[PDB]
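Take a look at this single chain, the form deposited in one PDB entry, given in structure tokens.
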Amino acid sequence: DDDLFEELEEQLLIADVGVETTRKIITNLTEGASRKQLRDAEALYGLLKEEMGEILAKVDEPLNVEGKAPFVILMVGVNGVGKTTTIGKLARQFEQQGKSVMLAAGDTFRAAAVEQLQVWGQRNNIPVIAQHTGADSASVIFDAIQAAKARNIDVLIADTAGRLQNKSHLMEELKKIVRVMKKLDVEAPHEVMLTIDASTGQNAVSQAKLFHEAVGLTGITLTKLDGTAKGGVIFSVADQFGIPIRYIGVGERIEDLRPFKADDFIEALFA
């Protein structure tokens, strides 16, 4: 049965779940399998799924944007993970549920960021509030939020510039963006969404940690699950921070965003 210890250990590790989380899940699995005296494979697969299901059941809360004017979502995370693409997706979704959406082009740093967002705005036939690269991000987003109140907009999604979490000064910048929002709405940002590239390994932990400490994360989006990457690191992060997983990215077209469903995620992870 040692070849089985070796085998499942390998399966967990190749999916980027991490060693600590691997020990937790496997240790609980030895106790569960020995306990219920399981003799067949399919039942083992079942129990594994059940326990992982426990971890993900604390983070399955879907996002609700109803009830505020506007409901403010703040997109944060590291570079090139797909924050902007995800916003593009989010808009078509919200427009599908009869919500008027506005976009803030808060990435005022990276080359062509604003034009990129604007393409998502034209694709969504919704307004995009922007100044230029070089502008103050915080003030761009603030102006956006004021404009959304004025125009009775239902959801305002603010893009930020991707930043690495060890760059403390960029995190301070992030904090200003939030702080400055508070002057219009104390409970905004109503959703602070971390975006994690599914290719990412254990550094995601650090990411989730530092952004959290900076800003208080209220949701996660897992992108690029349309490849071979399973994105298992999320278990570790769920274990440590309990952040709701809102959506999954599954491609680059405007329709390639799916509400996060734990069971589908389990399905994908194994095949």
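The term rigid core refers to the maximal set of C-alpha atoms that superpose within 1.5 Å between the two forms. Don't overthink the numbering: it's just position in the shown sequence, from 1.
- The PDB entry reports B-factors from which the mean C-alpha value can be compared for 231-239 and 45-53; the larger average falls on 45-53.
- Here 150-158 and 167-175 are compared by their mean Cα B-factor, and 150-158 comes out higher.
- Per the deposited coordinates, the residue with the largest Cα temperature factor out of 223, 202, 27, 207 is 27.
- Placement of the Cα temperature factor of residue 71 within the chain: highest third of the modelled residues, per the deposited record.
- The PDB entry assigns residue 88 a C-alpha temperature factor belonging to the middle third of its chain's modelled residues.
- Sorting the modelled residues of the chain by their CA temperature factor places residue 77 in the lowest third.
- In the deposited entry, the Cα temperature factor of residue 98 places it in the highest third of its chain's modelled residues.
- When all modelled residues of the chain are sorted by CA temperature factor, residue 38 is found within the highest third.
Only in words, not in the display: the form deposited in another entry, which the text now covers.
- In a rigid-core overlay of the protein, residue 16 has its C-alpha displaced by under 2 Å between this form and the one not shown.
- Annotation: Cα of residue 203 displaced by at least 2 Å between this form and the one not shown, core superposition.
- Taking the rigid core as fixed, one finds a CA shift for residue 93 smaller than 2 Å between this form and the one not shown.
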